[PDB]
**Q** 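Take a look at the following structure, please.
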Amino acid sequence: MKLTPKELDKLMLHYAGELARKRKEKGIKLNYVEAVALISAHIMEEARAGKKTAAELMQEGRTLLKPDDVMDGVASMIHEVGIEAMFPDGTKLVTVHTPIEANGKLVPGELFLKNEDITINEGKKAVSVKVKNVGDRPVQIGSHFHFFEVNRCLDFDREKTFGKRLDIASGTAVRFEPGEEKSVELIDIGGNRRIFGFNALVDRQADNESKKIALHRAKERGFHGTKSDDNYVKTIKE
Amino acid sequence: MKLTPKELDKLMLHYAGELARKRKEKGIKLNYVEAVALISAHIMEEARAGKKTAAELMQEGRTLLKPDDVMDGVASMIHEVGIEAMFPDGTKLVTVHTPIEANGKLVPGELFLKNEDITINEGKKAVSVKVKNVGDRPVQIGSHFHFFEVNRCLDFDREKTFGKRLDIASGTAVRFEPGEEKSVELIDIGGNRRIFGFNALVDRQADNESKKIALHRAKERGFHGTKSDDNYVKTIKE
Amino acid sequence: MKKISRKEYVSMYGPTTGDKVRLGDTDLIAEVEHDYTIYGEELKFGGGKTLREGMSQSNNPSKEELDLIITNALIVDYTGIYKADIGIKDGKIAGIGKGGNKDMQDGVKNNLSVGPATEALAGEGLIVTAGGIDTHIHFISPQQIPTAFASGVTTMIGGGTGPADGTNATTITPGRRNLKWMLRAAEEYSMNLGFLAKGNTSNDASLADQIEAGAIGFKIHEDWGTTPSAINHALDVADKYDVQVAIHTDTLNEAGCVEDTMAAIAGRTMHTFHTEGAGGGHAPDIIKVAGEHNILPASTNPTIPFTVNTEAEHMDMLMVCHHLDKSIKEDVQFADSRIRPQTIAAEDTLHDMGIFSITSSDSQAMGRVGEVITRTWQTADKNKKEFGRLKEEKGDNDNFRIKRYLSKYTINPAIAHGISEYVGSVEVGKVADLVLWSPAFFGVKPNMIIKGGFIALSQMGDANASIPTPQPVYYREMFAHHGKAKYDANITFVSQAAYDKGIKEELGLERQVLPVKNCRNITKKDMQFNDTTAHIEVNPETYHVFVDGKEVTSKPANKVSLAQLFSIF
Amino acid sequence: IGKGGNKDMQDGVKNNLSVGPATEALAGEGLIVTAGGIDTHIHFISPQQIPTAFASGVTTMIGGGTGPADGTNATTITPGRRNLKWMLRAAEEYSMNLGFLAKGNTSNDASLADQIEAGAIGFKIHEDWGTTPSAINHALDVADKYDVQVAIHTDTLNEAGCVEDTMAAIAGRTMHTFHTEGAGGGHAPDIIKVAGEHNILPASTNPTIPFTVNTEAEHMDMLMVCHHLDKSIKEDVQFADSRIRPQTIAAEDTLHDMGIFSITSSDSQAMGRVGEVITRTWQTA
Amino acid sequence: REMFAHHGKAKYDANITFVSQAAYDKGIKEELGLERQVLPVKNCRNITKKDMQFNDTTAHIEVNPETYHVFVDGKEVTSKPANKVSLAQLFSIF
Amino acid sequence: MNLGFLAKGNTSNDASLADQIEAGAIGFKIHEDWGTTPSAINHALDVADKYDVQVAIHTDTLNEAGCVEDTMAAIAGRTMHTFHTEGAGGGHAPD
Ligand SMILES: Cc1cc(C)cc(-n2ccnc2SCC(=O)NO)c1
Ligand SMILES: Cc1cc(C)cc(-n2ccnc2SCC(=O)NO)c1
Ligand code: NI
Ligand code: NI
Ligand code: NI
Ligand code: NI
Ligand code: NI
């Protein structure tokens with residue numbers, strides 16, 4: 001036969017699903033493990049038969065178990081079931097989203113939250129800047145990026161954004177389509193305000209002395225909207 | 001239960017065969033692994049039942065799968081299936097030879113050969129020698145054995161075979177039944193022609209000086225058909 | 001002299017010069033180019049055969065006597081397709097040629113002498129190739145390693161620390177202490193291994209200390225922040241330490257576009273992972289860097305070959321991992337700029353032209369670690385069915401295409417990571433990491449693996465049986481997998497600087513430890529059979545791909561070879 | 001071995017059977033204790049043989065090989081110093097006493113002696129590497145000097161001589177004979193006559209014991225597969241009918257009951273079953 | 001004239017003394033204090049006339065006991081003396 | 001110059017032959033002025049077989065103990081390097 005370890009693991013999964021199906025035929029309400037095994041085994045057999053696509057199987061997996069077929073709490077625990085199966089065109093991943101609707105009140109690991117909002121970046125006053133994407137490709141900017149050093153095809157008054165970042169929730173982002181124009185909110189970077197990296201326009205302590213060097217560097221490298229005056233005076237370390 | 005590792009491996013094989021049988025009942029054409037598993041599992045169950053011999057099961061294994069039951073190419077890949085099973089008289093090996101006939105054109109790993117013959121031992125001129133087995137037991141001689149030193153119950157003119165071997169395909173052999181007489185073709189041994197072992201009749205460089213010593217040694221040990229003259233003169237190293 | 005018919009010669013010794021063989025269930029036909037044997041003096045083992053004392057086993061052998069000989073093998077390599085015997089001594093390939101006993105046979109050289117210390121392995125009717133090399137491993141779970149080993153891969157290069165969230169995204173083992181953890185864990189396994197460090201920093205001292213701690217290179221990944229500053233600093237340190245750099249570029253175009261990344265690279269050597277861009281990279285035009293001279297471009301296996309289920313599967317994978325919602329117009333706009341069936345369709349044809357040069361897995365991180373070799377040969381078969389036989393072929397065979405696709409997972413990644421003096425091909429003086437295939441099962445299921453000159457894995461029947469053949473047959477560990485023998489059969493690759501400071505003695509490693517070299521002076525022209533450079537353009541609106549002005553695409557397939565005929569799941 | 005206990009409170013307790021605070025107890029009432037079995041005909045084809053033999057009650061395995069190579073599939077031989085080093089370092093994995101046999105099929109005395117110095121406990125002489133009288137003589141000469149054992153699979157084809165020529169080459173020296181009945185190999189048809197001799201230690205392998213109604217057909221079909229014989233050729237049929245011989249197979253059980261055969265063994269995965277030596281011994285009894 | 005590899009301690013690194021394998025294994029280089037490279041000879045006993053490159057002819061040779069004529073496979077073999085050779089007086093003052 | 005030295009092969013004492021090889025020689029020379037007899041030829045070839053070294057010979061010009069076929073019988077098929085084989089420098093007269 002020349003079986004691989006993958007084939008042995010899938011054989012075990014198939015017979016777990018068969019046990020779940022026999023217990024369902026005897027009238028027993030299925031638990032969490034039994035329901036997951038039953039859905040996975042059904043998808044693998046349908047893909048072996050070769051008459052259905054993966055997208056059709058993603059919808060067919062949602063009709064296998066009624067809400068009355070499982071114990072109370074099972075449906076809230078199963079958010080998705082994934083399984084890889086070999087089609088005539090090879091191995092594909094099939095994910096079944098929310099296969100069972102709930103019918104009882106038991107939610108394991110339930111969260112009970114207060115209703116007060118959370119205030120982020122307290123004590124930081126924001127300013128508003130209009131930004132336009134004049135390039136031909138989309139741009140997306142994260143919450144803690146140094147906004148002065150973003151993609152040179154974005155056009156905005158870059159002098160007002162030195163030492164600042166977006167005032168949004170940490171880990172979220174703002175998207176600019178080609179030709180799109182909108183306003184954003186910016187707040188001061190905290191901590192020691194030592195800015196290293198990002199386009200290597202600063203690489204030192206952020207202050208008013210380092211802003212002139214950064215503006216001159218940004219103009220020489222063609223960043224849009226940068227205004228630094230002519231007859232610039234160099235320092236000993238630039 | 002006190003299960004052994006053999007029992008666990010055979011349990012896995014049985015349920016692989018059961019999966020293959022369920023897929024055959026659903027109308028799915030079996031692949032290579034499924035066909036091998038189905039034949040093996042059927043043989044094991046029939047041997048457990050205890051009403052058939054191993055030789056009958058060797059023929060019964062050839063009727064399980066029709067040519068239309070398997071995918072194209074399966075029948076050319078399965079040359080034999082072997083399985084050990086426990087009968088009432090103990091564990092026996094059952095081998096099923098060519099269980100499925102082919103019906104399509106796909107041959108995986110197919111060879112496309114030229115039609116010209118291969119000439120072996122080019123530039124070696126052969127001689128012909130008549131050989132008779134005057135013993136009571138059969139004798140079989142391989143292609144690269146030093147033919148001068150074969151079994152002493154073979155009778156032939158041994159002087160003409162010094163330094164020679166059979167002119168047949170490498171790895172094949174010639175058989176002599178008791179009382180049988182036939183002719184063989186012999187060619188010169190190549191390389192450095194240093195002959196060590198085989199009956200310890202030479203154990204040195206093969207030449208005309210070493211032939212006299214070998215003939216005297218063969219006559220003293222009773223090899224048939226050896227003719228060395230009387231009043232032999234010894235050397236300092238024999 | 002005697003005449004022997006061709007059919008019975010081939011049944012005894014395998015195919016010879018001019019004969020042809022089909023590879024697997026594909027439509028690829030290989031032809032034997034040359035034979036080293038002397039007709040009538042073939043080596044055969046068994047009762048009454050030639051490999052016996054005083055006949056082909058010498059009673060006066062040379063002082064370079066072999067430890068193991070593989071008889072009548074059909075070698076398939078980037079150097080050629082030919083029949084020979086293969087000799088192994090002291091963990092190395094000692095000779096490729098005729099072999100036997102000079103006392104009784106004509107053309108036997110000293111390095112192919114068979115003696116009393118020699119073991120025999122019958123290769124008649126079988127194919128020998130070098131072991132595969134996978135350069136895009138996420139070290140998420142140790143169970144990936146036996147899965148890759150059974151598919152025919154004998155070297156794994158990547159990074160990680162186990163199932164942590166950083167490893168689930170990136171091929172990175174960060175810092176000296178984590179490198180010590182992974183190097184000491186590596187003593188368990190039957191696989192050659194090498195580890196990549198974190199390249200996403202602008203601190204030169206932090207970059208240099210990881211190389212001295214044992215890493216063979218850097219990975220730069222957008223989840224740790226791929227900025228032009230970090231690219232510049234990492235390339236500067238890698239120039240000084242002679243190690244390779246790999247990159248996953250900025251998908252969001254946050255700090256710049258693709259030309260800004262190329263300006264940061266500034267003509268220096270770079271290995272690009274998943275260059276088509278479905279796995280990540282500058283939307284939508286990362287694929288244009290595959291025409292450049294200093295780029296070594298690679299593709300990962302879940303996008304090859306292009307099938308009718310590919311786009312929907314990748315879209316639903318993208319929706320799960322990023323937690324997107326179809327009711328938001330920005331998540332839909334993000335997803336439609338990511339997947340792009342136009343570039344995915346172009347990728348297969350670019351592989352057939354020799355513009356892409358390396359295939360890899362991206363294991364458990366949008367990719368399948370046991371399917372690199374199989375999906376490579378599926379892509380070759382689909383391209384032969386669509387575009388016909390290549391114009392570079394000489395004769396009625398597919399030998400040029402076979403060499404081009406075989407180079408993608410054997411010799412080209414070995415050159416790219418500076419280990420081609422040790423592994424990657426069947427040549428005299430290299431490490432004996434070899435794979436034996438039956439031609440009916442070529443590309444999907446091998447017969448046995450030889451690791452460091454000793455057998456490490458094979459198909460094997462039940463242990464209580466009277467022969468090794470009866471059922472159940474599956475892949476089992478052999479004697480080179482066990483005890484202290486596995487220390488002598490496996491290699492851990494490190495940098496030259498870590499090797500010179502004595503990393504083997506400092507960490508107490510018992511495996512062989514060898515340095516990588518010649519990583520910085522190679523370009524696209526050093527890739528065997530895949531060395532094409534061109535000018536590549538991507539339309540910013542329709543995402544069509546042009547190569548020197550001509551549009552490049554392919555059609556999806558509804559059926560592939562080497563899939564459902566061979567596997568129960 | 002005796003009574004055991006505490007001399008302060010009980011009568012017949014000797015010093016070597018004293019039970020104290022450092023002692024652990026194991027209850028053997030109603031149970032049988034024997035020594036572990038010793039199997040001397042192991043082909044080291046796969047490491048998975050070792051746990052199978054261990055669970056059946058075997059605690060020492062003696063044989064040769066390098067894994068699933070074609071030489072090991074036929075013969076119990078670990079050839080040469082480097083391959084002996086490989087197997088000795090791999091042996092640190094397992095729960096089994098182990099010992100390895102070297103290649104005896106050569107006429108070079110220096111090659112024979114270097115294998116013994118590299119760690120082998122003896123030689124195997126096998127017809128697939130060529131069992132000639134010269135090789136038998138040289139191997140016995142070296143084994144006399146190094147105090148190790150020799151095992152032999154003799155020439156089935158009678159190519160260089162018959163059974164009396166092999167006995168003349170042995171020349172009265174001590175020899176262990178594998179599968180002496182001859183179904184596993186040996187001088188056709190009369191290798192079984194050496195089991196009456198003084199200097200021979202004769203052994204049988206387990207697939208021929210006990211003699212059952214399925215034995216002959218199973219062994220015949222095993223012979224047809226391994227030698228790739230065809231029933232349409234009169235020489236393959238004549239070869240097969242001189243090999244199997246139900247007469248000697250039937251005689252083997254009675255010779256075991258008379259004390260003429262003295263050792264049982266497996267011939268593991270090479271026409272024999274490594275987990276069934278003890279069971280087939282008691283079935284024959 | 002002698003060049004730089006002929007002199008000093010450089011001549012130890014540029015020259016080889018050949019010995020037997022047995023003397024090499026017993027440490028003859030350290031015992032006698034030799035500074036040259038020391039290497040063993042090997043494969044001396046398993047070679048014949050057939051191992052000589054481009055000069056590997058074997059034949060049956062007979063010499064007449066009275067006239068001293070030489071025959072190779074029955075055919076007489078001889079040559080004529082020369083009164084002048086190349087590469088001699090054109091190139092050397094003595 | 002690369003250099004290698006030959007030892008005395010003209011003896012019938014095996015221990016004396018073996019000690020010269022262990023002292024550093026790469027082979028033996030057998031020369032008629034120290035006495036080239038069939039006994040010495042036989043003993044020297046026996047030791048050289050065990051130590052893997054070459055033998056060279058200047059044969060008996062005077063035919064004192066035997067002729068050329070007796071020397072070849074003493075050699076007994078083993079490998080031998082013959083110096084000045086034409087015979088003007090020495091060797092069995094005249095053949
Ligand atoms: C298309 C895809 C698939 C998967 C499994 C993950 C991602 N995914 C999620 C977050 N970031 C990424 S891209 C990194 C990668 O998959 N390899 O480097 C995207
Ligand atoms: C009766 C038999 C059974 C098997 C499995 C193999 C052979 N067979 C094939 C070639 N040579 C032999 S005999 C060597 C042996 O089985 N043990 O030493 C014979
Ligand atoms: Ni990536
Ligand atoms: Ni990745
Ligand atoms: Ni045997
Ligand atoms: Ni055996
Ligand atoms: Ni002289």
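Here is the naming used below: chain letters follow the sequence lines, and residue numbers restart at 1 for every chain. First listed ligand is number 1; within each ligand, the first listed atom is number 1.
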**Q** From the Ni ion (ligand 3) out to just under 2.8 Å, does an N/O/S atom of C:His221 turn up?
**A**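 Coordinating: no.
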
**Q** Do we see a donor-acceptor contact under 3.5 Å between the side chains of C:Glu53 and D:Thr106?
**A** no

**Q** What angle, to the nearest 10°, do the atoms NE2 (C:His138) and OD1 (C:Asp362) form about the Ni ion (ligand 4)?
**A**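 So the angle at the metal works out to 70°.
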
**Q** So, C:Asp260 side chain and C:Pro228 main chain: donor-acceptor pair closer than 3.5 Å or not?
**A**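 No; judged by distance alone, with no hydrogens or angles, the pair does not exist.
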
**Q** Using only heavy-atom distances, determine whether the side chains of C:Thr359 and C:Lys408 contain a donor-acceptor pair under 3.5 Å.
**A** no

**Q** If you check every N/O/S atom of C:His136, which is the one nearest the Ni ion (ligand 4)?
**A** NE2

**Q** More than 12 heavy atoms of other residues, nucleotides or ligands under 6.0 Å from CD of D:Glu216: is that the case?
**A** no

**Q** State the atom name: nearest N, O or S atom of C:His248 to the Ni ion (ligand 3).
**A**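 Answer by atom name: ND1.
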
